[PDB]
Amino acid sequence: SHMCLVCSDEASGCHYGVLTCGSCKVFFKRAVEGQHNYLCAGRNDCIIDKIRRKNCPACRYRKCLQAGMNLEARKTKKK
């Protein structure tokens, strides 16, 4: 267990509840805090991996949610 669950690159730790690399960490934070009105140019199942994760922010963010990322994971594991 040492892979990012969103893009399958090398995980750098748990962030927002999920083992992810640092790039998905800050992507998710930015997506959750701001606008994430993204539009898939395919069929909403683009392949999110180390080279292609730049391609589709819409599917990357759905992959984050699917993997379970959530901003209040910190205060969550406190319960």
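Here the rigid core means the biggest group of C-alpha atoms that line up within 1.5 Å when the two forms are laid on top of each other. All residue numbers refer to positions in the sequence shown, first residue = 1.
Undergrad: Between 30-38 and 43-51, which one strays more from this form in 5 other deposited structures of this protein if you match the rigid core and compare Cα atoms?
TA: It is 30-38 that deviates more in 5 other deposited structures of this protein.
Undergrad: Which of these two stretches, 66-74 or 21-29, has the larger RMS Cα offset in 5 other deposited structures of this protein when the rigid core is kept aligned?
TA: Per-stretch check in 5 other deposited structures of this protein: the more divergent one is 66-74.
Undergrad: Which is higher on average in the deposited entry, the C-alpha temperature factors of 20-28 or of 6-14?
TA: Comparing 20-28 with 6-14, the higher mean C-alpha B-factor belongs to 6-14.
Undergrad: Within this chain's modelled residues, let me know which third the CA B factor of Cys40 belongs to: lowest, middle or highest.
TA: Ranked within chain, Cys40 CA B lands in the lowest tercile.
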